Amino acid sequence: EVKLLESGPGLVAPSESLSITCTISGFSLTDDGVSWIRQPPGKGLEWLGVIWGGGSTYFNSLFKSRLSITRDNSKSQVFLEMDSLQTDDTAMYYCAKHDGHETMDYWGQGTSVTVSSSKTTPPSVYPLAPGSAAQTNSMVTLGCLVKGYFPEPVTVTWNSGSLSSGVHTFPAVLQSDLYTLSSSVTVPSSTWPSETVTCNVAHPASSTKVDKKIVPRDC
């Protein structure tokens, strides 16, 4: 199946450069084009440029003074470079495949890019165990509090993604130039604490991966 996956830096300081790699599979870069598009917070999508199957490159006039798009066919990678970033270059950045010269058929996952003179800060990950395991409707809720990180994002899973349907992960908030978010998971009371529950938190900008088991409070 066609897949595109961006790898970028998370954070760029003002006036420095952004480099992103888009690794593709399930097609060849020499048969179709790959574009870069960005989505700034709360704004419309903006096409940055394309590198066509035969290798010609077209850029949006707004960015041609500072973009490069290149590739390495042998490694199935397409590379973006943008120079001299400023605050308003903060955005989610995507690569996307073209189907001939008439549409884009698949998009990447996107990689978040924040432009700021603040420094990368990993989160504290705090397990949230209730006052007791006492049930409501044969259920119990646990959680996870992920506090004081920069830049966005963090991602959270539970039991390595085995627990997904009773989960709510909330958008992050700003609490003193750092982000905080939480996540709740609701499970049958017969399964906790009798079976282990663990929130798994990633903050890629800091290369952080942390697991925190939820431990009951009896003495």
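Residue indices: 1-based, along the sequence shown.
Chemist: So which stretch wins on mean C-alpha B-factor, 130 to 138 or 103 to 111?
Modeler: Mean B over CA atoms: larger for 130 to 138.
Chemist: On mean C-alpha B-factor from the PDB entry, just flag whether 91 to 99 or 117 to 125 is the higher one.
Modeler: According to the PDB entry, the answer is 117 to 125.
Chemist: Between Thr186, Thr30, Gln39, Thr70, which one tops the list for Cα B-factor in this entry?
Modeler: Of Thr186, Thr30, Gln39, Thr70, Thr186 has the highest C-alpha B-factor.
Chemist: Would you mind finding, among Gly44, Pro193, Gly49, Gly55, the residue with the largest C-alpha temperature factor in the entry?
Modeler: In the PDB entry, the greatest C-alpha B-factor among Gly44, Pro193, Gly49, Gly55 is found at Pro193.
Chemist: Hey, what third does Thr155 fall into on Cα B-factor, ranked over its chain?
Modeler: CA B-factor rank for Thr155: middle third.
Chemist: Which third, lowest, middle or highest, does the CA B-factor of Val167 fall in along this chain?
Modeler: Middle third.
Chemist: Using only modelled residues of the chain, where does the Cα B factor of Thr21 rank: lowest third, middle third or highest third?
Modeler: Within its chain, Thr21 is a lowest-third residue by C-alpha B-factor, going by the deposited values.
Chemist: Based on the deposited C-alpha B factors for this chain, I'd like to know if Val34 is in the lowest, middle or highest third.
Modeler: CA B-factor rank for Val34: lowest third.
Chemist: What third of its chain's C-alpha B-factors does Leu4 belong to: lowest, middle or highest?
Modeler: Answer is lowest: the recorded C-alpha B-factor places it there.
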